[PDB]
Amino acid sequence: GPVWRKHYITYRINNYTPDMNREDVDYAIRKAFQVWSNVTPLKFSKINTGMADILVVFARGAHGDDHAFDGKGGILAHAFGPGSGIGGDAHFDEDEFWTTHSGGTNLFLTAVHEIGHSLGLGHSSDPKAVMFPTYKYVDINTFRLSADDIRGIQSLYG
Ligand SMILES: O=C(NO)[C@H]1CCCN1S(=O)(=O)CCc1ccccc1
Ligand SMILES: [Ca+2]
Ligand SMILES: [Ca+2]
Ligand SMILES: [Ca+2]
Ligand SMILES: [Zn+2]
Ligand SMILES: [Zn+2]
């Protein structure tokens, strides 16, 4: 289904997990948008008020779409594919402990997977792909998209 039909995309952070330093949320989501723009024609800018394309949300339990969070573990996060309104939005379970590192749940790695969803990608059956449906920590410092990921996103864009 959907793909954005424009090159300039905006995101807004709804609120911040108390799990992390503010700046570290900003940076993690920024780095995660850079992953996809590296391999597409898209450009991603953080606006701080009004309607973004992609709204980034921290929330627990019933948070008012249909995709209720399940407490700590299980479903870590979910996102909507492109489209108007809620399309694009990416939602992180505040019942997880979000981190900049190997501990709890790495927000960067998770945000990369969700932005893939915000962008029109589904899951991959490759355990090496960031779009594989099982969260596995890998060094974020040397993180690199799997070739499966690149083919899938370039299947939609560019
Ligand atoms: O895929 C998902 N969300 O987008 C949900 C539905 C089923 C598995 N998960 S998950 O949130 O638990 C983790 C998926 C994931 C994959 C790689 C990196 C982070 C998270
Ligand atoms: Ca959860
Ligand atoms: Ca939206
Ligand atoms: Ca938390
Ligand atoms: Zn949600
Ligand atoms: Zn997913």
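By the numbers in Swiss-Prot, the shown part of chain A spans 106-263.
When the header is checked for method, it gives X-ray crystallography, 1.8 Å.
Every residue, even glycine, has its Cβ placed from backbone N, Cα and C.
Feature annotations, reproduced from Swiss-Prot:
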BINDING   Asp124, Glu199, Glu201  Ca(2+) 1 binding site
BINDING   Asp158, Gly190, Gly192, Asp194  Ca(2+) 2 binding site
BINDING   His168, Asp170, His183, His196  Zn(2+) 1 binding site
BINDING   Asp175, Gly176, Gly178, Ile180, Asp198, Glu201  Ca(2+) 3 binding site
ACT_SITE  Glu219  active site
For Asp175 (Ca(2+) 3 binding site), the number of other Cβ atoms found within 10 Å of its own Cβ: 13
Residue, out of the binding-site residues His183, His196, whose Cβ gathers the largest set of other Cβ atoms within 10 Å: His196
Cα-nearest neighbour of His196 (Zn(2+) 1 binding site) within the listed recorded positions, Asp158, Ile180, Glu219: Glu219
Integer Cα-Cα distance in angstrom, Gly176 (Ca(2+) 3 binding site) to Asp124 (Ca(2+) 1 binding site): 15
Per DSSP, three-state class assigned to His183 (Zn(2+) 1 binding site): strand
Those binding-site residues in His168, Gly178, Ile180, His196, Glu199 whose CB falls under 6 A of ligand 4, listed in sequence order: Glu199
Lowest local Cβ density among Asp170, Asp194, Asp198, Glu201, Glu219, which the record lists as recorded positions, within 10 Å: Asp170
Integer Cα-Cα distance in angstrom, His168 (Zn(2+) 1 binding site) to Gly190 (Ca(2+) 2 binding site): 16
Count of other CB atoms lying within 10 Å of the CB belonging to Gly178 (Ca(2+) 3 binding site): 11
Reduced DSSP assignment, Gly192 (Ca(2+) 2 binding site): coil
Integer Cα-Cα distance in angstrom, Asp170 (Zn(2+) 1 binding site) to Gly190 (Ca(2+) 2 binding site): 12
